[PDB]
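Student: Pasting a structure below so you can have a look.
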Amino acid sequence: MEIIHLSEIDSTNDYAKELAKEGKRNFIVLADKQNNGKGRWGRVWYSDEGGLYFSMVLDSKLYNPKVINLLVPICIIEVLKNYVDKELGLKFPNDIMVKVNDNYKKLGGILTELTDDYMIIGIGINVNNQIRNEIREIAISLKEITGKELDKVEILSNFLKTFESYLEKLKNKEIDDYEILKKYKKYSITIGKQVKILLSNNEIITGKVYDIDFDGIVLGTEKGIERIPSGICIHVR
Ligand SMILES: O=C(O)CCCC[C@@H]1SC[C@@H]2NC(=O)N[C@@H]21
């Protein structure tokens with residue numbers, strides 16, 4: 001997979017999209033730092049030197065996008081496990097979390113955009129970048145956890161290798177789509193929790209998380225069982 005390695009850019013997602021609009025496919029845009037990194041729904045994503053910031057552009061018909069959406073977080077988890085001894089988990093939708101002192105802090109996130117012919121998967125992982133003092137309460141870096149500077153090159157390389165082997169096992173039919181979902185549920189720290197979810201239509205849904213599937217989250221609320229697509233969830237607390 002072709003990798004365009006930049007020293008800086010506004011956002012790897014936005015730049016990957018311009019290139020994708022013009023025809024490019026199956027490539028990655030990696031940037032040592034971002035001047036305007038973006039998170040889900042209007043969030044800013046601090047992208048100082050030391051972090052891993054890249055966007056993968058894939059053919060929309062390479063495989064089921066809904067399956068890919070679950071595969072990405074899974075691969076990140078399994079790759080980071082090789083570097084961290086602490087508990088890793090997935091917070092709905094795709095926050096990559098690490099347990100610290102009976103507390104979960106965010107190590108990274110995923111921002112995805114899907115079009116008819118391609119999907120852009122933006123991945124941000126806090127590796128050696130310094131987390132702003134204010135949010136050190138909810139965010140953390142791998143360097144803070146391990147006590148050592150990790151190699152961002154190796155991390156990316158292992159992520160890609162892991163992601164591709166899974167891709168080849170799915171198409172080769174060595175593993176079912178459901179097995180990917182089972183891995184997701186295994187790492188999910190959201191299922192079984194009582195939550196208040198803010199949606200993009202201003203509604204707030206409160207309830208017990210029974211399950212998360214390829215389409216979204218399933219909650220037991222006052223109204224009964226409610227299903228919510230992951231793409232419209234602005235905030236989950
Ligand atoms: O947790 C989130 O809200 C999503 C964060 C996504 C961050 C990555 S960094 C690479 C890519 N470029 C961006 O501007 N955002 C994504």
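Within each chain, counting starts at residue 1; across the structure tokens, chains are named A, B, ... in the order shown, with ligands numbered 1 upward in that order.
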Which residues of segment 62-149 of chain A come within 10 Å of segment 36-55 of chain A, and for each one, what is the closest pair of atoms and their distance in Å to one decimal, counting only C-alpha atoms, sorted by chain and residue number, as a Markdown table?
Tutor:
```
| residue | atom | partner | partner_atom | distance |
| --- | --- | --- | --- | --- |
| A:93 | CA | A:40 | CA | 9.9 |
| A:94 | CA | A:40 | CA | 9.9 |
| A:108 | CA | A:52 | CA | 9.2 |
| A:109 | CA | A:39 | CA | 7.6 |
| A:110 | CA | A:39 | CA | 7.7 |
| A:111 | CA | A:40 | CA | 6.0 |
| A:112 | CA | A:40 | CA | 8.7 |
| A:119 | CA | A:55 | CA | 9.9 |
| A:120 | CA | A:55 | CA | 6.4 |
| A:121 | CA | A:55 | CA | 5.3 |
| A:122 | CA | A:55 | CA | 4.1 |
| A:123 | CA | A:54 | CA | 5.5 |
| A:124 | CA | A:53 | CA | 4.6 |
| A:125 | CA | A:52 | CA | 5.1 |
| A:126 | CA | A:51 | CA | 4.8 |
| A:127 | CA | A:51 | CA | 4.9 |
| A:128 | CA | A:50 | CA | 4.4 |
| A:129 | CA | A:50 | CA | 4.1 |
| A:130 | CA | A:48 | CA | 7.5 |
| A:131 | CA | A:46 | CA | 8.3 |
| A:132 | CA | A:46 | CA | 8.6 |
| A:141 | CA | A:51 | CA | 8.4 |
| A:142 | CA | A:51 | CA | 9.5 |
| A:143 | CA | A:50 | CA | 9.6 |
| A:149 | CA | A:50 | CA | 9.0 |
```
Student: Just to be explicit: take each residue in the selection above, keep N, CA, C and O atoms, and write the result as an mmCIF file, in the first residue's frame.
Tutor:
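The resulting result.cif:
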```
data_model
loop_
_atom_site.group_PDB
_atom_site.id
_atom_site.type_symbol
_atom_site.label_atom_id
_atom_site.label_comp_id
_atom_site.auth_asym_id
_atom_site.auth_seq_id
_atom_site.Cartn_x
_atom_site.Cartn_y
_atom_site.Cartn_z
ATOM 1 N N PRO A 93 -18.019 4.994 19.818
ATOM 2 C CA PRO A 93 -17.892 4.126 18.644
ATOM 3 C C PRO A 93 -16.523 3.447 18.486
ATOM 4 O O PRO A 93 -16.405 2.213 18.564
ATOM 5 N N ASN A 94 -15.490 4.265 18.286
ATOM 6 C CA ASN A 94 -14.151 3.747 18.067
ATOM 7 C C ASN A 94 -12.993 4.347 18.870
ATOM 8 O O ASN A 94 -11.859 4.395 18.386
ATOM 9 N N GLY A 108 -6.261 6.860 21.376
ATOM 10 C CA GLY A 108 -6.410 7.182 19.970
ATOM 11 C C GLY A 108 -7.854 7.142 19.521
ATOM 12 O O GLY A 108 -8.746 6.781 20.290
ATOM 13 N N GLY A 109 -8.077 7.515 18.272
ATOM 14 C CA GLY A 109 -9.426 7.531 17.733
ATOM 15 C C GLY A 109 -9.437 7.296 16.238
ATOM 16 O O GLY A 109 -8.389 7.333 15.574
ATOM 17 N N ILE A 110 -10.632 7.059 15.708
ATOM 18 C CA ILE A 110 -10.808 6.792 14.294
ATOM 19 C C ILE A 110 -11.925 7.647 13.717
ATOM 20 O O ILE A 110 -13.005 7.743 14.297
ATOM 21 N N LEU A 111 -11.640 8.285 12.585
ATOM 22 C CA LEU A 111 -12.615 9.124 11.896
ATOM 23 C C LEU A 111 -12.724 8.559 10.491
ATOM 24 O O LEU A 111 -11.747 8.569 9.734
ATOM 25 N N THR A 112 -13.909 8.067 10.148
ATOM 26 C CA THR A 112 -14.123 7.465 8.846
ATOM 27 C C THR A 112 -15.173 8.153 7.988
ATOM 28 O O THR A 112 -16.213 8.596 8.479
ATOM 29 N N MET A 119 -13.474 4.695 0.722
ATOM 30 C CA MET A 119 -13.681 5.070 2.110
ATOM 31 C C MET A 119 -12.340 5.576 2.619
ATOM 32 O O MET A 119 -11.286 5.073 2.230
ATOM 33 N N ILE A 120 -12.390 6.605 3.452
ATOM 34 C CA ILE A 120 -11.192 7.194 4.022
ATOM 35 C C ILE A 120 -11.229 6.894 5.512
ATOM 36 O O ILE A 120 -12.165 7.284 6.201
ATOM 37 N N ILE A 121 -10.214 6.190 5.994
ATOM 38 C CA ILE A 121 -10.140 5.814 7.399
ATOM 39 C C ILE A 121 -8.989 6.578 8.060
ATOM 40 O O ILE A 121 -7.821 6.280 7.815
ATOM 41 N N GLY A 122 -9.336 7.566 8.879
ATOM 42 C CA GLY A 122 -8.338 8.369 9.563
ATOM 43 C C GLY A 122 -8.048 7.824 10.948
ATOM 44 O O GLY A 122 -8.951 7.661 11.774
ATOM 45 N N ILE A 123 -6.775 7.555 11.207
ATOM 46 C CA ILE A 123 -6.360 6.993 12.482
ATOM 47 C C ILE A 123 -5.344 7.860 13.199
ATOM 48 O O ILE A 123 -4.316 8.249 12.632
ATOM 49 N N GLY A 124 -5.649 8.175 14.451
ATOM 50 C CA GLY A 124 -4.738 8.973 15.242
ATOM 51 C C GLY A 124 -4.398 8.196 16.497
ATOM 52 O O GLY A 124 -5.293 7.768 17.223
ATOM 53 N N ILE A 125 -3.111 7.988 16.743
ATOM 54 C CA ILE A 125 -2.680 7.272 17.938
ATOM 55 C C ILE A 125 -1.625 8.100 18.651
ATOM 56 O O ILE A 125 -0.677 8.571 18.024
ATOM 57 N N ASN A 126 -1.815 8.309 19.953
ATOM 58 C CA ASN A 126 -0.866 9.075 20.745
ATOM 59 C C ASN A 126 0.310 8.159 21.087
ATOM 60 O O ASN A 126 0.189 7.269 21.940
ATOM 61 N N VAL A 127 1.437 8.371 20.417
ATOM 62 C CA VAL A 127 2.614 7.545 20.656
ATOM 63 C C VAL A 127 3.623 8.267 21.546
ATOM 64 O O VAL A 127 3.690 7.991 22.742
ATOM 65 N N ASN A 128 4.389 9.195 20.975
ATOM 66 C CA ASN A 128 5.385 9.935 21.740
ATOM 67 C C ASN A 128 5.044 11.409 21.936
ATOM 68 O O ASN A 128 5.830 12.157 22.525
ATOM 69 N N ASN A 129 3.883 11.831 21.443
ATOM 70 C CA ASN A 129 3.488 13.226 21.588
ATOM 71 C C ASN A 129 3.083 13.530 23.025
ATOM 72 O O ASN A 129 2.574 12.666 23.733
ATOM 73 N N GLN A 130 3.332 14.760 23.458
ATOM 74 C CA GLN A 130 2.988 15.164 24.813
ATOM 75 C C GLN A 130 1.532 15.626 24.877
ATOM 76 O O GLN A 130 1.113 16.494 24.114
ATOM 77 N N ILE A 131 0.771 15.028 25.787
ATOM 78 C CA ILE A 131 -0.640 15.360 25.967
ATOM 79 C C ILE A 131 -0.780 16.649 26.775
ATOM 80 O O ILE A 131 -0.157 16.787 27.829
ATOM 81 N N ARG A 132 -1.598 17.580 26.280
ATOM 82 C CA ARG A 132 -1.834 18.865 26.953
ATOM 83 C C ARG A 132 -2.199 18.594 28.408
ATOM 84 O O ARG A 132 -3.015 17.715 28.694
ATOM 85 N N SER A 141 -0.685 8.956 26.305
ATOM 86 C CA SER A 141 0.152 8.516 25.196
ATOM 87 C C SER A 141 0.834 7.200 25.559
ATOM 88 O O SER A 141 0.979 6.869 26.734
ATOM 89 N N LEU A 142 1.253 6.449 24.547
ATOM 90 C CA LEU A 142 1.925 5.182 24.779
ATOM 91 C C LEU A 142 3.247 5.402 25.523
ATOM 92 O O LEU A 142 3.664 4.568 26.333
ATOM 93 N N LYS A 143 3.898 6.526 25.252
ATOM 94 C CA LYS A 143 5.166 6.820 25.909
ATOM 95 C C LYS A 143 4.980 6.986 27.422
ATOM 96 O O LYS A 143 5.829 6.556 28.207
ATOM 97 N N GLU A 149 10.238 5.668 24.273
ATOM 98 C CA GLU A 149 9.861 6.178 22.963
ATOM 99 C C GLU A 149 9.632 5.001 22.030
ATOM 100 O O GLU A 149 10.546 4.213 21.790
#
```
Student: Just the residues within 8 Å of residue 200 of chain A, please, counting only C-alpha atoms, with nothing from its chain fewer than 5 positions along; format it as a ChimeraX atom specification.
Tutor: /A:232-234
Student: Check the smallest atom-to-atom distance from each of A:27, A:172, A:235, A:202 to ligand 1 using only C-alpha atoms and all ligand atoms, then report the winner.
Tutor: A:235
Student: Enumerate, as a ChimeraX atom specification, the complete set of residues in segment 3-227 of chain A that a backbone-based DSSP assignment places in alpha helix (DSSP H).
Tutor: /A:12-21,65-80,142-146,152-171,177-187
Student: Measuring between only C-alpha atoms and all ligand atoms, which one of A:34, A:206, A:101, A:69 shows the shortest distance to ligand 1?
Tutor: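 Result for the nearest residue to ligand 1: A:34.
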Student: For ligand 1, which of A:1, A:140, A:56, A:155 is the closest residue, counting only C-alpha atoms and all ligand atoms?
Tutor: A:56
Student: With only C-alpha atoms as the basis for distance, which of A:197, A:228, A:79, A:74 is at the shortest distance from residue 156 of chain A?
Tutor: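 Among A:197, A:228, A:79, A:74, it is A:79 that comes nearest to residue 156 of chain A.
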Student: Rounded to one decimal place, report the atom CA of residue 113 of chain A-atom 1 (O, counted along the ligand's line) of ligand 1 distance in Å.
Tutor: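 That distance, rounded to one decimal, is 13.2 Å.
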Student: Given only C-alpha atoms as the basis, pick out the residue of A:67, A:198, A:80, A:189 nearest to residue 146 of chain A.
Tutor: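 The answer is A:80, which sits nearest to residue 146 of chain A.
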Student: So, counting only C-alpha atoms, which residue among A:183, A:223, A:91, A:105 is closest to residue 75 of chain A?
Tutor: A:183
Student: Residues at most 8 Å from residue 86 of chain A, counting only C-alpha atoms, excluding those fewer than 3 positions away in the same chain, as a ChimeraX atom specification?
Tutor: /A:98-100
